[PDB]
Amino acid sequence: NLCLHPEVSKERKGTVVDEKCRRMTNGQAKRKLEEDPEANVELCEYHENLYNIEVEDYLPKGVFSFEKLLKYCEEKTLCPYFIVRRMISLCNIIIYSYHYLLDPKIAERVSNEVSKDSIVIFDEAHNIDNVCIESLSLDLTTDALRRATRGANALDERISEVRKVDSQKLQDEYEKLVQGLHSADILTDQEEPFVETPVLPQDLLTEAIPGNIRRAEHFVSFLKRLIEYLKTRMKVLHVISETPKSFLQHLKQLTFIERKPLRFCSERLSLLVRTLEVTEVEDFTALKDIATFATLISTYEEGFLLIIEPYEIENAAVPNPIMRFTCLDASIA
Amino acid sequence: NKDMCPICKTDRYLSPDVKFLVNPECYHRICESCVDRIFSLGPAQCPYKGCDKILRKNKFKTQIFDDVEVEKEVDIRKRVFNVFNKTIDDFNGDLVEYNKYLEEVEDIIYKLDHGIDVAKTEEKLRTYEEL
Amino acid sequence: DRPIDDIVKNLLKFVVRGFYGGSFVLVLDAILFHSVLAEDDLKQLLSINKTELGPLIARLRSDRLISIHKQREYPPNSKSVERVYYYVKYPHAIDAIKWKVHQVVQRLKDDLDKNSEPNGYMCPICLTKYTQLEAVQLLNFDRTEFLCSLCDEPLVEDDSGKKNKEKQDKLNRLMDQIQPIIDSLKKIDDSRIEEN
Amino acid sequence: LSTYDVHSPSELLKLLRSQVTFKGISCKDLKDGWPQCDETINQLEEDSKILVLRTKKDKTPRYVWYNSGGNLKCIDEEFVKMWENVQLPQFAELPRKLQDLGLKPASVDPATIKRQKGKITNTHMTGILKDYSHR
Amino acid sequence: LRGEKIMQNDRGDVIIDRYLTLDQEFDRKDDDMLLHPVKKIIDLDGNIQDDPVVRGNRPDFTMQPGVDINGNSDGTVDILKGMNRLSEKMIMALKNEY
Ligand code: SF4
Ligand SMILES: [Zn+2]
Ligand SMILES: [Zn+2]
Ligand SMILES: [Zn+2]
């Protein structure tokens, strides 16, 4: 809703916009360009211009609506998204949707800027419970798991190629993991995690990575057999509803996976993707859904139900099994 | 190798009751009809070109995970986990030691799957089990 | 004029060409190009006398790839005559093809299974076949050789021990050469065909 | 003035394909005006592009037909003999056997098919009026 | 043209039916012409895209266009779009150069 880049703004998908915008502003492109001007990596003039001017002087004092904000930014050739996000601390009143305050994926970053003692107002809150229930939910289909295997296979191939040319990149991250540093410390402010934290910030474990997923290859095997297990459960010929605890117990019995490694699936995957420095993440997008499932199901145990139904659309000639991780408690979020 | 026995080429369409089993030795798919015909009398060489490993009839088992490679990792992990059994309490709360121990076990499993140091890895596994 | 009709037509043409001779292709193709052909018309089309057409029609009727229909006719200026027409009944032809293919595959599978069994024995003189279990109760007092009950002569081992690979190759060749039939049958089963 | 203006294998195939009926074309008539055609017919038969009927006294080409199917020869003689050996089951009992074997039958047993007042005083005006029994 | 649901292939007309592909091409061109940026106050594309990362539970079939057994579209959405196109054509034609 705020992008002004002629190429990225034309994208029809919000996520695609994020992928392109991050690529031009992750900071990797700028560093690569500085190292070698001959590099053909592009940038975003709107984002670059913000560096010259100070944060406190991005916009003149006053109220800036979307229409007015876009007009000013276009004239001054600046990015409204970065200006608005970076000015949260300075703003006296901040207006944003419920998804920026109840959905942990796009709320942990924003919630850190708003003041604790601020007045909170919920307008048209008669449907808030739906947002809370829909924030900690997830649906996995047969296609999602199929792409997950493809992404895992591609991830393994990329890791091998990176190992052949230079393995020092992975060694440095492994040392940091052993030291106990998490994504927050490893990743810089400019960069963003590949997989947004699906669980609430307070439920994230603070201890170090278990170790089974410290190595690049061990985590890939951990990811691979987890995907296969989900594919096995899709073959059920009748509706099965079970609590997360039962799902974890059956998972462990068949393929040896514990609760704790699953809780770090989202965090570990982001680090691995960043280390591999993959220019394109089109294939790996599928792995994002699986990573979200592992953390959600391995973090919460009460108020969530896992339902697998062979028939997503009852009026279908061929069954299309779908497994839904649904949140029943609207007060958790 | 889509839905038929590579040996007898029995299609599922003509014989829907046909089922397949895999021996943990070389993870080679084969129909139960061929298993009864060949291995029932006694052990014999696997009926694939370029494969000569001797496999017993009783060792045959059904395949759970569709991916053959994942099946090998799980079965190897099952064997390793039987020998290696420890918990966080065993280390007296030392998380660093527990994490290092888990990493070593994963390395052992990875080596066994790829057979980089099968001779040395197997010897180390045997020593721990006896001890 | 659904594609299902064309698929069934292809199955019949391939089956006839692969499992029947040349004149069989001529007869069945004519009734496939023309939905119904009279006996006299079929003879004129292929220029084959009654005797030659005899075995072809009879054999194709036995496998039910063709059906017969006899009705009385009353020509305006001739004596009433009983005419014969030939046409294809797809539900029966498909069912007959499916069962026959299954039997051939099953027979080869049984032969392959049997060959792996112990050879056995047979008497050179009276040509009587003795199984391994049956011969083990006929060995002489010296425990040296098996003696035939009828001839009282030493038995000789049976052949086919080394044919194990031969039967497997035969089974492989059939399935490789029969794949189009399996694919056509799968497509036919997917859809529905009305009785003709 | 040949009956059929055919001199090359390509021309022969075009003529046979264009035939509206399945009536064959006599090689005796076709050979007229063509110095040699038996070799061409035999070569086409080997290629499995034309159906050929041959004499019995000695192998000699006769009426030929366009081949609308696949290869004329595609099965070993051993399998052909096995196909002949198998005897088809009873006409009515075939669907039952197929269902038991696990294969969906395309036919059904024919036996299952189903084959399917007092004196009227009002005199002078008895016939003019029609009977509107219902509405 | 009149929005009547396209029943199973009927007699129709041999010649006029050949223009169906051209008519569909014209409709696509008309839809592209009608499409234009909308005022942000009433814009609905941004509302659904305001949270691009949301991946909640998929809604039931009651909140999705009807589909057939084979999975193909029922065809009711096609006639509904025709109503929108016809109304938009009428309203846009009002704002002529004159
Ligand atoms: S920095 Fe702003 S203008 Fe540039 S691509 Fe990202 S959102 Fe668009
Ligand atoms: Zn087999
Ligand atoms: Zn083998
Ligand atoms: Zn004898």
# chains A, B, ... in the order shown; residues from 1 in each chain; ligands from 1
>>> residues_around(residues="residue E:52", least_positions_apart="2", cutoff="8 Å", atoms="only C-alpha atoms", output="ChimeraX atom specification")
/A:13-15 /E:48-50,54
>>> closest_atom_pairs(of="chain E", to="chain A", cutoff="8 Å", atoms="only C-alpha atoms", output="CSV")
residue,atom,partner,partner_atom,distance
E:40,CA,A:67,CA,7.6
E:46,CA,A:1,CA,6.1
E:49,CA,A:14,CA,5.9
E:50,CA,A:1,CA,7.5
E:51,CA,A:99,CA,6.4
E:52,CA,A:14,CA,5.0
E:53,CA,A:15,CA,6.7
E:54,CA,A:135,CA,7.1
E:55,CA,A:138,CA,6.0
E:56,CA,A:137,CA,4.9
E:57,CA,A:139,CA,5.4
E:58,CA,A:139,CA,6.8
E:61,CA,A:313,CA,6.8
E:68,CA,A:315,CA,7.3
E:69,CA,A:316,CA,4.9
E:70,CA,A:317,CA,6.0
E:71,CA,A:316,CA,6.7
>>> interface_residues(of="chain B", to="chain C", cutoff="7 Å", atoms="only C-alpha atoms", output="PyMOL selection string")
chain B and resi 8-9+14+37
>>> residues_around(residues="residue C:153", least_positions_apart="6", cutoff="12 Å", atoms="only C-alpha atoms", output="VMD selection string")
chain C and resid 122 to 128 138 to 140 145 to 147
>>> residues_near_ligand(ligand="ligand 3", cutoff="10 Å", atoms="only C-alpha atoms and all ligand atoms", output="NGL selection string")
:B and (22-30 or 45-55)
>>> write_last_selection(atoms="N, CA and C atoms", output="short mmCIF file (atom, residue, chain, number, x, y, z; two decimals), in the first residue's frame")
data_model
loop_
_atom_site.label_atom_id
_atom_site.label_comp_id
_atom_site.auth_asym_id
_atom_site.auth_seq_id
_atom_site.Cartn_x
_atom_site.Cartn_y
_atom_site.Cartn_z
N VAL B 22 10.28 -53.99 1.84
CA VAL B 22 11.66 -53.57 1.69
C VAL B 22 12.50 -54.21 2.79
N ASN B 23 13.67 -54.72 2.42
CA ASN B 23 14.61 -55.30 3.37
C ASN B 23 15.59 -54.23 3.82
N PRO B 24 15.83 -54.05 5.13
CA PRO B 24 16.68 -52.93 5.56
C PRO B 24 18.10 -52.98 5.01
N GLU B 25 18.48 -54.08 4.37
CA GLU B 25 19.84 -54.25 3.87
C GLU B 25 20.19 -53.34 2.70
N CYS B 26 19.35 -53.30 1.66
CA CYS B 26 19.59 -52.43 0.52
C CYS B 26 18.37 -51.61 0.12
N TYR B 27 17.30 -51.62 0.92
CA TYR B 27 16.14 -50.77 0.70
C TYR B 27 15.64 -50.87 -0.74
N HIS B 28 15.44 -52.11 -1.19
CA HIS B 28 15.00 -52.40 -2.55
C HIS B 28 13.55 -52.88 -2.50
N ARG B 29 12.68 -52.17 -3.21
CA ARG B 29 11.27 -52.53 -3.23
C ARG B 29 11.06 -53.84 -3.98
N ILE B 30 10.18 -54.68 -3.44
CA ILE B 30 9.87 -55.97 -4.05
C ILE B 30 8.51 -56.42 -3.53
N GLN B 45 20.75 -64.06 -3.08
CA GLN B 45 21.17 -62.74 -3.52
C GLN B 45 19.97 -61.91 -3.96
N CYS B 46 20.06 -60.60 -3.72
CA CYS B 46 18.99 -59.71 -4.13
C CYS B 46 18.87 -59.70 -5.65
N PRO B 47 17.64 -59.78 -6.20
CA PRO B 47 17.46 -59.93 -7.65
C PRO B 47 17.48 -58.62 -8.43
N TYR B 48 18.46 -57.77 -8.14
CA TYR B 48 18.71 -56.55 -8.90
C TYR B 48 20.09 -56.61 -9.52
N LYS B 49 20.21 -56.12 -10.75
CA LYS B 49 21.50 -56.05 -11.41
C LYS B 49 22.44 -55.14 -10.63
N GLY B 50 23.66 -55.62 -10.40
CA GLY B 50 24.64 -54.87 -9.65
C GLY B 50 24.52 -54.96 -8.15
N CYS B 51 23.53 -55.68 -7.63
CA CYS B 51 23.35 -55.88 -6.20
C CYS B 51 23.56 -57.35 -5.87
N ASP B 52 24.44 -57.60 -4.90
CA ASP B 52 24.76 -58.97 -4.50
C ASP B 52 24.64 -59.20 -3.00
N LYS B 53 24.16 -58.22 -2.23
CA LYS B 53 24.03 -58.40 -0.79
C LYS B 53 23.05 -59.52 -0.48
N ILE B 54 23.43 -60.38 0.46
CA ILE B 54 22.58 -61.49 0.89
C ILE B 54 21.60 -60.95 1.92
N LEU B 55 20.31 -61.17 1.67
CA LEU B 55 19.24 -60.65 2.52
C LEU B 55 18.31 -61.78 2.91
#
>>> closest_residue(among="D:13, D:44, D:128, D:80", to="chain C", atoms="only C-alpha atoms")
D:80
